[PDB]
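> Once you've had a glance at the structure underneath, I'll fire off some questions.
All of the numbers you see were taken from the coordinates with simple rules; none came from a lab. FYI the Cβ positions are ideal-geometry reconstructions off the backbone, even for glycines, and counts take in every protein chain you see.
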Amino acid sequence: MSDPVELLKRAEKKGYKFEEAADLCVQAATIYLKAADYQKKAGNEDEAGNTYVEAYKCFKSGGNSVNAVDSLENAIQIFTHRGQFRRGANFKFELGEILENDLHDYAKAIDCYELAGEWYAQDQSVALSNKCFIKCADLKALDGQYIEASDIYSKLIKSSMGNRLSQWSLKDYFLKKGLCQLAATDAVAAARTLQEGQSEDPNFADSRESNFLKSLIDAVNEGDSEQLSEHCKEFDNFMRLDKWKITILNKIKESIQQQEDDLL
Amino acid sequence: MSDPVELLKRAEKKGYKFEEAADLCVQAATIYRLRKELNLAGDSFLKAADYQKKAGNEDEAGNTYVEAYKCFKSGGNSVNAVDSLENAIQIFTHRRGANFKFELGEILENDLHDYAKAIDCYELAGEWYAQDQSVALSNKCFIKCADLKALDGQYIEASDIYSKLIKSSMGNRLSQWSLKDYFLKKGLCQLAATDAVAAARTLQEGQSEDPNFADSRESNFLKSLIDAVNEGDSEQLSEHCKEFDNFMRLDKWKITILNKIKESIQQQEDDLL
Amino acid sequence: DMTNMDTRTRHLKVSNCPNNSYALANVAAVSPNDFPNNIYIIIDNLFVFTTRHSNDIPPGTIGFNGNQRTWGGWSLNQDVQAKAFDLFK
């Protein structure tokens, strides 16, 4: 097998010339970004994007999250510039996943998820956009942006309404939205959301999630933090809570404590 | 990025010449799509598709029309989306038509509320799907067509389509429940047409042919409705409807059918005088 | 002496009490530019409180404690109407 270092040196020396250098770089790399840069210099943007996807692929595999993020960014830019917003959205969702899990850059992950959902909506792919918006709303609520998360949940509710397939999602959506509105101390908005969900979706009206949301609204109205804790334990006993709900209700309880501090 | 307006002007000036004009229009339109100006992008795909038709590349014209439909629908322009789907359907049929006809019927039913055209589209899509031996897609199209037809006052035709659905779904383990509902719906349509005897015949056929339907709650509900219409007890029909709702929630289609049936009992009461 | 005082209505924001001592005194803490010292002021024509000069509360804002808000059902940053009060009349 040829020495990859010698191939890279030959590619650099030659860097039609760009195409040959890119081919040499691809050979050396296969033996093991430069090839994609050379392809861009050659005008073959699609090949550059594919090579960037390959760079992202191996960087993610090598544990190099930063270079993987960079490769995804160049690939996304190339694809978007060529009208392939589908590819851009897929790789933006992957980039947001990388940011959220590997680098913990939650703001950039939120931006990536929002953008991916918007482009998916522009492609009429309701379910992928719905997934991206779920991720975006989850991160936004965890990030202190309760109002925006509730708005995204409203968008999810509107998009999933009338679909027999997303029922369960709706059942949760309403709840989550209300929880966010309750994290923002807007109990009236939470009550409005509960009423809208009860009147619009018969499944949600009789769902345990609706009763739990009503109980939480009542507890915040009476300012009984212990009652809220009891309701949370009762809800956990039948349907396990997730870390998102834990955080929202913890901030809500701390808001009751802040109200108690404000009470003095 | 090139100015899409200049590209469109160049395409118009050139409009091999048609192919070049279509490529220029496609470029300008992708730029528009990149700017989220979906309606202008759809218009530019439409111009490119027209030029492709003039060039003899009908398949490319159909693909471009599909893109026009996509971006018009994303842009909220239902009429231009309908037009684009129509040209694409014509191109494909002359050479997909059923898929896009089903989408067109959906657009007509939800966005434009043109229920007759939606019924026609669904019927045609189901027929072509049947010609392709795709039983399930034809069955879905026929469900939509029968639902709209029954809601449109055409109870006999809806019942006929339900009979077709029953015949196509008989013997398939995957569609059992569908059959269970089909029979019911058919009977309901026959009862909306004041044809209580036909509803009884449908119930008997369903009971004898499909063991699952015989013991199903739908069969008992249909029998109860038939008995209520036979005795002319509208209140008994209402009680049966509430009992049926209590265990299996009714849908708006059934609501309308039974409302017309109750109003028909009231009309019979008017004829009683 | 309550004989002379500006009775003009003012719209004031409900804000957190400046500290625990002011809440204990149960006296509406106001700036010198807001109202004179040691006079009775009514709020919403229902809630009467004694004013005390406080330099920590800027003019145009009224401080309340939790019990007063519970009595009036008020949230933070809510706008309330304040006027001079004369119980004797």
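> Could you list, in sequence order, the residues of segment C:47-68 that are away from chain A (no Cβ under 14 Å) and more than 12 Å from the chain's Cα centre (by Cα)?
Looking only at segment C:47-68, we keep the residues that are away from chain A (no Cβ under 14 Å), and these are C:47-62.
Result: C:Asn55, C:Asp56, C:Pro58.
> May I ask you to verify whether B:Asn212 is polar (S, T, N, Q) and within 14 Å of another protein chain (Cβ to nearest Cβ)? Even if it seems obvious, please write down each step before you answer.
On the way: polar (S, T, N, Q): yes; within 14 Å of another protein chain (Cβ to nearest Cβ): no.
Spelling it out, it is not the case that B:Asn212 is polar (S, T, N, Q) and within 14 Å of another protein chain (Cβ to nearest Cβ).
> If A:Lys176 meets every condition in (1) surrounded by 18 or more Cβ atoms within 10 Å (Cβ to Cβ); (2) charged (D, E, K, R); (3) within 14 Å of chain C (Cβ to nearest Cβ) apart from one, which number is that one?
Only one criterion is unmet by A:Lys176, namely (3).
> Which one of these does B:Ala29 not meet: (1) away from chain A (no Cβ under 13 Å); (2) buried (at least 24 other Cβ atoms within 10 Å of the Cβ); (3) within 20 Å of B:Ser78 (Cα to Cα)?
Of the numbered conditions (1) away from chain A (no Cβ under 13 Å); (2) buried (at least 24 other Cβ atoms within 10 Å of the Cβ); (3) within 20 Å of B:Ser78 (Cα to Cα), the odd one out for B:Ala29 is (1).
> Given (1) within 14 Å of chain A (Cβ to nearest Cβ); (2) more than 22 Å from the chain's Cα centre (by Cα), identify the lone condition not met by B:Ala55.
(1)
> Right, another one. Given the conditions (1) within 13 Å of the chain's Cα centre (by Cα); (2) surrounded by fewer than 15 Cβ atoms within 10 Å (Cβ to Cβ), which single one is not true for C:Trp71?
The number of the failed condition is (1).
> Going residue by residue through segment A:61-70, is there one that turns out to be under 19 Å from A:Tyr113 (Cα atoms), more than 14 Å from every other protein chain (Cβ to nearest Cβ), crowded, with 23+ Cβ neighbours inside 10 Å and of a type in the set (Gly, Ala, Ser)?
Yes, some residue in segment A:61-70 is under 19 Å from A:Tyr113 (Cα atoms), more than 14 Å from every other protein chain (Cβ to nearest Cβ), crowded, with 23+ Cβ neighbours inside 10 Å and of a type in the set (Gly, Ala, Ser).
> When both residues are 6+ apart or on different chains and their Cβ atoms are under 7 Å apart, which pairs have a first residue that lies in segment A:226-252 and is assigned to a helix (DSSP H, G or I), and a second that is surrounded by 15 or more Cβ atoms within 10 Å (Cβ to Cβ) and hydroxyl-bearing (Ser, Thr, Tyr)?
Once the first residue is assigned to a helix (DSSP H, G or I) and sits in segment A:226-252, its partners that are surrounded by 15 or more Cβ atoms within 10 Å (Cβ to Cβ) and hydroxyl-bearing (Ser, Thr, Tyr) give A:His231/A:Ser215.
> Provide a single number: the residues in segment A:189-209 that are within 14 Å of another protein chain (Cβ to nearest Cβ) and crowded, with 17+ Cβ neighbours inside 10 Å.
Of all residues in segment A:189-209, those within 14 Å of another protein chain (Cβ to nearest Cβ) come to A:189, A:200-207.
Cutting the leftovers down to crowded, with 17+ Cβ neighbours inside 10 Å gives us A:189, A:201, A:204, A:207.
Result for segment A:189-209: 4.
> Looking at (1) away from chain A (no Cβ under 14 Å); (2) out of contact with any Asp or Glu (no Cβ under 8 Å at 6 or more places or on another chain); (3) within 24 Å of A:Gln259 (Cα to Cα), which is the one condition that is false for C:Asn37?
Unmet condition: (3).
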